[PDB]
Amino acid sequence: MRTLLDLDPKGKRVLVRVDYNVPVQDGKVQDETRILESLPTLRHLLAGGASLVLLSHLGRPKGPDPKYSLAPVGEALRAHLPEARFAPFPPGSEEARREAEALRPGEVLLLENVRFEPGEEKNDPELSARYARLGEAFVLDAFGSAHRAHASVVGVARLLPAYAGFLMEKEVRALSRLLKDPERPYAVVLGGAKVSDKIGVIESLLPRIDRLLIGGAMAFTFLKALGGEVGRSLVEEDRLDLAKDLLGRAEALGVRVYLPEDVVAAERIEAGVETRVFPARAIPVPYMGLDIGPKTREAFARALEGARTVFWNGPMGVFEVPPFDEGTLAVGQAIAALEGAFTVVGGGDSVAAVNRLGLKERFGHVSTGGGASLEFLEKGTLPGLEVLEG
């Protein structure tokens, strides 16, 4: 993969696809972490004598939705880079082109949300050709956008010499340690409500790991297939055979699997609702398992002892509804407490859990909040990565 130093930025206007998809409220960025993380790439290019045009998505609006304008992000960026300016013009527009052509060495221009362009998500080749007028070289520094063939990710990269920025490279390398020669014992903790959403990553990682811990509602599909009585717990009836086959593959590959022993159940998903603890294989109707129980949390933590690599993605229960978030928080706490293990966390709820444990710095790598990381682990590559090779 072509990396940042392969580009000679001197006297060139460089187009950079960054990830500034940050939380915004009342016209103010609520967390500028993503903006800060993009700085090394920008500083390198500016020190190299280039001018910069920045492109980013914000939310997933289908067109020019003012709620998702990058204006607030431009303000936050300028506070760190005084030479940066924001222009409220879609990147495929003639106004954007003129603004970009007027830039001088050292200047930085952030254009409007790429999602405002109708051809962006369609990877419109003509739109990509217009993006190609914005710079002489292209730097992709947004791993979280690399899983989709979009005009500002793949399309323009095919018209300009393309390179991976510092951040993009860092993310790819971290996840690559979960695919190539990972340190063993290697344990994987997967959660989520449906096994169907984990089939790809499970089949991809099974031949590479030693232990697989399964939590979340998807565990009930496995448990029912194995003969357990899960009461009114969520189950994908059309995936019962598949669940059993995945366990069969684990047995064939020498991967030890762990499933819940007990669960915290309730008659309905309600915050603070009264609960009952039942064996995961004996949940009486009308109860439904909503989180892994205390014995399961303990067992899952013990299963990680000795691991040198741990990858975790997914909630252990109904994370957004207390007290059914305890299992997820407990797994995060257990992983943070490990010694001698490279730990990687991905997934919406699990990353959210890590962010409120007050132990985030304890993890080896917390992947980009999105689906790109999981797709990369399943396929071994991404569209945005392929345009940086060759």
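Residue indices: 1-based, along the sequence shown.
Stretch with the higher entry mean CA B-factor, where the candidates are 137-145 and 221-229: On average, C-alpha B-factors are higher across 221-229.
Residue range whose averaged C-alpha B-factor is higher in the record, 358-366 or 36-44: Taking the mean C-alpha B-factor of 36-44 and of 358-366, the larger value falls to 358-366.
C-alpha B-factor winner, where the candidates are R173, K122, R78, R249: The listed residue with the largest C-alpha B-factor is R78.
Selection from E298, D210, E112, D181 [criterion: highest C-alpha temperature factor in the record]: Among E298, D210, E112, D181, the PDB entry lists the largest C-alpha B-factor for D181.
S51 - Cα temperature factor, lowest/middle/highest third of chain: It belongs to the middle third of the chain when residues are ordered by C-alpha B-factor.
Entry-reported Cα temperature factor of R13, expressed as the chain third it lands in: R13: CA B-factor falls in the middle third of its chain.
Cα B factor band for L70 (lowest, middle or highest third within the chain): Within its chain, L70 is a lowest-third residue by C-alpha B-factor, going by the deposited values.
Modelled-residue ranking by C-alpha temperature factor, third containing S350: Middle third by C-alpha B-factor.
CA B-factor ranking of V285, expressed as a third of its chain: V285: CA B-factor falls in the highest third of its chain.
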